[PDB]
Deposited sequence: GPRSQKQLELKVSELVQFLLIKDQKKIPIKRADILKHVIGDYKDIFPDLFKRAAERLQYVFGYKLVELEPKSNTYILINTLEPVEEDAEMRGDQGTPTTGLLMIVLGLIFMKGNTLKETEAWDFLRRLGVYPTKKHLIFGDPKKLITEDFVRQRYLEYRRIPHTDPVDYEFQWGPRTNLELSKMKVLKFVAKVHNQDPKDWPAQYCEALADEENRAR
């Protein structure tokens, strides 16, 4: 029918939304699915329309819309940038992070064994004994953070970390969190 400038701009917008939303799922997106769920009667002018989606998609959000296999009839989103709480990073550092993590979470102090059975699960004994030389303080086998770390990380960062594992961070944090912020403020002076 009669489609104004905006009717169309709205359509491309709709499409770039569709794509954006899907790519999160790393689907990948089907041209027919694109056609059923967005184009409707605007099919006649689609290729030009797609072209626009593609460009806006690239230009405003910096995503390259790409068919993944030639003649796939299927598309995906590629990040043009750029690219990318503690960071090709070391293997052990993750481990540590987890551990210094555990420690923050159960009241800044935790017994040994309990973690250990639970840890192998996911060089244990020896690496964590030497973790002590630097990052750790252990008595008897109770655990605390140890001096080295606070110079290298924060209660907040450890939080961001434990956060990112499940994602989020309001819920496991709030209890802990409040000090973590009282630490962020503590860090200013």
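Missing from the model, by position in the deposited sequence, are residues 85 to 88, 92 to 93, 129 to 141, 160 to 168.
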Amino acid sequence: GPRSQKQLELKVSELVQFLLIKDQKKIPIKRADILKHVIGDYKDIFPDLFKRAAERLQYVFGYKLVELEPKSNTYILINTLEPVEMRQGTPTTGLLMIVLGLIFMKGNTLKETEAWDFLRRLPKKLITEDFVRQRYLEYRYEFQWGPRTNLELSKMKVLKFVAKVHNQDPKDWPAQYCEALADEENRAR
From here on, numbers count along this sequence of modelled residues.
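Higher mean CA temperature factor between 100 to 108 and 74 to 82: 100 to 108, per the PDB entry.
Relative to its counterpart among 123 to 131 and 28 to 36, 123 to 131 has the higher mean temperature factor, C-alpha atoms as listed in the PDB entry.
Take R148, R140, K157, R52 and read off each C-alpha B-factor from the entry; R140 has the highest.
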